[PDB]
Amino acid sequence: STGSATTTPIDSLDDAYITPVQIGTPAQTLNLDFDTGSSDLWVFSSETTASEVXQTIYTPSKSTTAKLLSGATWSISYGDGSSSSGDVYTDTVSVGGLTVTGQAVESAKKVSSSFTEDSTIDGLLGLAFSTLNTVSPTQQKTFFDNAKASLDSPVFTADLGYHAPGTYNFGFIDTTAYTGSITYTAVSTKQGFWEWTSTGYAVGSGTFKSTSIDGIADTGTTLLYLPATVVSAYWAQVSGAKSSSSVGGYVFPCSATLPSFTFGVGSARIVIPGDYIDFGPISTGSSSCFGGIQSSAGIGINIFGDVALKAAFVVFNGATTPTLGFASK
Ligand SMILES: CC(C)(C)S(=O)(=O)N[C@@H](Cc1ccccc1)C(=O)N[C@@H](Cc1c[nH]c[nH+]1)C(=O)N[C@@H](CC1CCCCC1)C(O)(O)C(F)(F)C(=O)NCCN1CCOCC1
């Protein structure tokens, strides 16, 4: 079997992307954030503290296929400090026609302020490795791990759009969605992420510098976080760019035409157009814009977020020995 679902940006800045997910019987449709940087499928529910709900909720009592997973609890915290926790149910989950039975659906009893404030995201669907799942005492498999036995091929692809809809495919590689061929690179699962090593980078029409950049492919992170030295090299080519302490990163005149940024995948090169790096005005009407490439120094890990992934067709190969594939589009 296979599945195909349309993913849409939640706002005009491409801050995040949501994809419709059907849970339970009859189906209850919720818009989830597909996150390759985490491994929990959790949703706002009838169990969530009322004052913390503003979102479409999952009501397990209305689903004939829902089963409480006795004694199981979960608690997670993300890089930006947000958090949530609750109990667990198993239920039927479908994505773009791909149905999985007995999937663990983590019901939130509480959610942090950032979640309450974002009306567009009803929950998360983790697509990193199962070792990162927060359910205790026994960890639960991701949607992808549960579907592998049924998929035509143990793969899923991400085709994120630039201020436009995109697609998440499960089980097949749509050969009409990309140009040229796909270049695969080794993945390290030591930390539970889709971790890989980029072969280098280039700024604009300048030289490609061969240098190993270990990072993770994360659909759930907005920007492109790279080593401080690499980030400085990029902004040095933008005359009005400066590091702002108050805003939290590099900013530059919105009127500027930004150079492209190239990152290496083995012998292949993926080019991120300059416009993708223009994240948006710091505030509506401002002449100052926020940069899409920022330093990973305070994070501890390099992150190939949406800014980078949306410039390519990405293949997440979940075979026993996983690999990551990149192609231009
Ligand atoms: C707007 C911005 C100021 C530039 S942003 O940085 O705030 N916000 C989010 C994206 C977003 C958009 C719209 C609404 C809400 C949230 C940003 O990209 N979040 C990153 C920040 C980050 C990453 N690294 C360092 N800082 C992140 O936490 N991403 C996680 C998914 C997010 C969480 C908030 C809700 C949306 C999904 C993530 O899962 O991808 C992760 F990888 F970064 C991470 O937190 N993974 C947690 C893995 N855990 C570790 C503990 O053991 C279990 C596994």
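Position 1 is the first residue of the sequence; numbering continues from there. Whatever order the structure lists ligands and atoms in, that order sets their numbers, starting from 1. As a basis for the values below, the full set of heavy atoms in this structure was taken, side chains included, without hydrogen atoms, waters or symmetry mates.
Side-chain atoms of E52 and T116 include no donor-acceptor pair closer than 3.5 Å. Side-chain atoms of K242 and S244 include no donor-acceptor pair closer than 3.5 Å. Residues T167 and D159 have side chains that never bring a donor and an acceptor to within less than 3.5 angstrom of each other. A side-chain N or O of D91 and one of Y58 form a donor-acceptor pair less than 3.5 Å apart.
Distance screen at 4.0 Å: atom 3 (C) of ligand 1 has no protein heavy-atom neighbour inside the cut-off. At a distance under 4.0 Å, no protein heavy atom can be found next to atom 7 (O) of ligand 1. Atom 43 (F) of ligand 1 is approached by the protein to below 4.0 angstrom, counting heavy atoms only. For atom 33 (C) of ligand 1, the nearest protein heavy atom lies under 4.0 Å away.
Annotation for ligand 1: atoms under 4.0 Å from non-hydrogen atoms of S38 are 39 (O). Less than 4.0 angstrom separates some heavy atom of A16 from each of these atoms of ligand 1: 12 (C), 13 (C). Near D218, the atoms of ligand 1 lying under 4.0 angstrom from a non-hydrogen atom of the residue are 38 (C), 40 (O), 41 (C), 42 (F), 43 (F). Shown in contact with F115 at under 4.0 Å from a heavy atom are these atoms of ligand 1, numbered in order with element: 35 (C). For ligand 1 and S82, the ligand atoms under 4.0 Å from any heavy atom of the residue are 34 (C).
Judged purely by atom type and a 3.5 angstrom limit, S46 has no side-chain atom pairing as donor or acceptor with the backbone of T59.
By the criterion of a heavy-atom distance under 4.0 Å, the side chain of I299, and not its backbone, is placed next to ligand 1. The proximity of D35 to ligand 1, defined as any non-hydrogen pair under 4.0 Å, is limited to the side chain. Under 4.0 Å from ligand 1, not a single heavy atom of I301 appears. Within the 4.0 Å heavy-atom criterion, neither part of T219 lies near ligand 1. Contact annotation: for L124 versus ligand 1, heavy atoms closer than 4.0 Å belong to the side chain alone.
Of the polar atoms of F193, none of the N or O atoms is found under 3.5 Å from an N or O of ligand 1, judged by distance alone. Remark: ligand 1 and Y78 share no N or O pair separated by less than 3.5 Å (distance only, no angle test).
Closest to atom 48 (C) of ligand 1 by heavy atom, among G37, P9, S296, is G37. Of the listed residues (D40, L132, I10, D33), the one carrying the non-hydrogen atom nearest atom 37 (C) of ligand 1 is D33.
Protein heavy atom closest to atom 27 (C) of ligand 1, with residue, atom name and distance, is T221 OG1, 3.8 Å. Scanning the protein for heavy atoms near atom 50 (C) of ligand 1, the closest one is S77 O, 4.5 Å.
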Starting from the C-alpha separation in whole Å, work towards a yes-or-no answer on side chain to side chain contact (heavy atoms under 4.5 Å, CB included) for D218 and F304.
CA-CA 6 Å; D218 187 1; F304 284 93; over 6 Å; no

Stepwise, does the side chain to side chain contact (heavy atoms under 4.5 Å, CB included) test hold for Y17 with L32?
CA-CA 8 Å; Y17 298 77; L32 309 183; over 6 Å; no

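Remark: distances from the non-hydrogen atoms of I76 to ligand 1 are all 4.0 Å or more.
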